[PDB]
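K.L.:
In PDB author numbering, the protein residues as written are 22 to 142. For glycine and all other residues, C-beta sits at the position ideal for the given N, C-alpha and C. Pasting a structure below so you can have a look.
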């Protein structure tokens, strides 16, 4: 159908907007603390602590499979990156601190993306 294609152009454009959002969020992590999944070789107990691991490469794979239906699903995954870190790591660690800074700085980007998603539909 013609509608399914119209829809697919929207999802494709959402994917386009979310790609740019993902790039902006990832720039707020210059130390690359959140770039890749926590290694289960190097933290073998990790899944005993954290039930839904997340990281920027894993989000990117989902994005490129147009696996995000709306901004809310994308935000959910960003929030997991931050929240998982703030649980596993103590307050006085470079890792916890990095998550706080990413949350704070990401807020601004996510604020405008919500307005852009509502505005452009």
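On a Cα-Cα basis, can you pick out the residue from 142, 126, 136 that is closest to residue 45?
P.N.:
Indexing the chain shown from 1 puts residue 45 at position 24. Here the closest residue by C-alpha is 126.
K.L.:
I need the straight-line Cα distance from residue 77 to residue 62, nearest angstrom please.
P.N.:
One-based indexing of the chain shown puts residue 77 at position 56. One-based indexing of the chain shown puts residue 62 at position 41. Using only the alpha carbons, I get a separation of about 19 angstroms.
K.L.:
Run the CB neighbour count on residue 134, radius 10 Å, all protein chains shown included, and call it buried at 16 or more, exposed below.
P.N.:
Position 113 of the chain shown holds residue 134. Buried: at least 16 other Cβ atoms inside 10 Å.
K.L.:
In whole angstroms, what separates the C-alpha of residue 30 from that of residue 97?
P.N.:
Counting from 1 along the chain shown, the entry for residue 30 is found at position 9. Counting from 1 along the chain shown, the entry for residue 97 is found at position 76. C-alpha separation (whole angstroms): 23 angstroms.
K.L.:
What does a CB cutoff of less than 7 angstroms around residue 130 pick up in its chain, not counting 5 residues either side in sequence?
P.N.:
Here the question's residue 130 lines up with position 109 in the chain shown. Only 42, 45, 46 meet the Cβ criterion.
K.L.:
Determine the burial state of residue 32: buried for a count of at least 16 other Cβ atoms within 10 Å of its Cβ, exposed for fewer.
P.N.:
Looking up residue 32 in the chain shown gives position 11. It is exposed - the Cβ of residue 32 has fewer than 16 other Cβ atoms within 10 Å.
K.L.:
So, does the segment 100-114 touch the segment 84-92, judging by three or more C-beta pairs under 8 angstroms?
P.N.:
Judged by Cβ distances under 8 angstroms, the segment 100-114 makes no contact with the segment 84-92, as fewer than three pairs qualify.
K.L.:
Alpha carbon to alpha carbon, what distance is there between residue 75 and residue 50?
P.N.:
To locate residue 50, count along the chain shown from 1; it is residue 29. To locate residue 75, count along the chain shown from 1; it is residue 54. Rounded to the nearest angstrom, the two C-alpha atoms are 15 angstroms apart.
K.L.:
Go to residue 141, then tell me how far its alpha helix (DSSP H) extends in each direction, as first and last residue.
P.N.:
Within the chain shown, numbered from 1, the residue matching residue 141 stands at position 120. First-last of the alpha helix (DSSP H) with residue 141: 115-141.
K.L.:
With DSSP collapsed to three states, give me the class of residue 105.
P.N.:
Residue mapping note: residue 105 aligns to position 84 of the chain shown, counting from 1. Three-state result, residue 105: helix.
K.L.:
In angstroms with no decimal places, state the Cα-to-Cα distance between residue 91 and residue 27.
P.N.:
Here residue 91 corresponds to residue number 70 of the chain shown, with the count starting at 1. Here residue 27 corresponds to residue number 6 of the chain shown, with the count starting at 1. Spanning the two alpha carbons is a distance of roughly 16 angstroms.
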